Structures are given as C-alpha cells and as structure tokens.
C-alpha cells in the first residue's frame, strides 16, 4: 500500500500528499501546530520514492485546503537546500509539485535539493533518525 492503514481517508472526497522534511518529528510538529484545523488526518511513517525517508502523510479535503497551500507551507518550515522530499499520489500532483518547487527556487537562492517522486511505498511500524533538522516557520 501507498496509504497508511490507520489514516482517516475517503477516496471520494479526500486526497493525499506525503512529505519528507528530514524528520517526521518536525514534519508532524509543524502541520499539527499550524494546519490541524484544515487537514483531515495525519500519520507519521516511512515513504519510498519510485532507503526509506521519515515522512508525514497528510489526508486533506481539496475544498478545505489545496496542495499549493500545503506545499507553500512545506517550503517555509525547513531548509530544503542541504532528506527533503515530496511524494505524489497522482501524475497531476507530481507536475504541480514540480511547478511549485520551481517558483520557490529564487527565494532559496536556487539551491532547493527537494526530491519530487511518485510514491512507491508507505509504512508506519516498519520496525537520519539521529537528529531533527531545524523546523520553524520562515518569514
């Protein structure tokens, strides 16, 4: 599965995005502190890109929040020039995430090293992880 077995998710109303910012402690901390009112559900785990990255998987209603807003937030919460990934669940979302990254390039001095890939796998208890990169809202 590309979807966690525990997450609240309705295929007929909701969408998914899987986010790596270098530590799921940071990724979860940030979305739950700023956007908790606007997302459906949120689960920490390990994502594989089509070597596992620590990720947060976000279930959301497009009529409540768009992917653009979720990605604009993502590029504000951590340093993506430096571990940094966006895992798309559709081909339409893949090209939109790439578009957003391009738009964010000048603001980060064109050094964004964020990887954009289709989602290959997702786990929760798949039972680095040594440190969390700095997570906070940049201005």
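Numbering follows the first chain given and starts at 1.
In this entry, residue 66 and residue 67 are joined directly, with no residue of the deposited sequence lacking coordinates between them. The deposited sequence places 10 or more unmodelled residues between residue 50 and residue 51. Of the two segments, 84-92 and 23-31, the one listed with the higher mean B-factor is 84-92 (C-alpha atoms only). In this entry, the higher average B-factor at the C-alpha atoms falls on 96-104, of the pair 67-75 and 96-104. Per the PDB record, residue ranking by Cα B-factor puts residue 57 in the lowest third of the chain. Among the modelled residues of the chain, residue 5 sits in the highest third by CA temperature factor in this PDB entry.
Sort the chain's modelled residues by C-alpha temperature factor and residue 16 lands in the middle third, per the entry. Residue-level temperature factors show residue 36 in the lowest third of its chain, judged at the C-alpha atom. Ranked by Cα temperature factor within the chain, residue 42 sits in the lowest third according to the deposited record.
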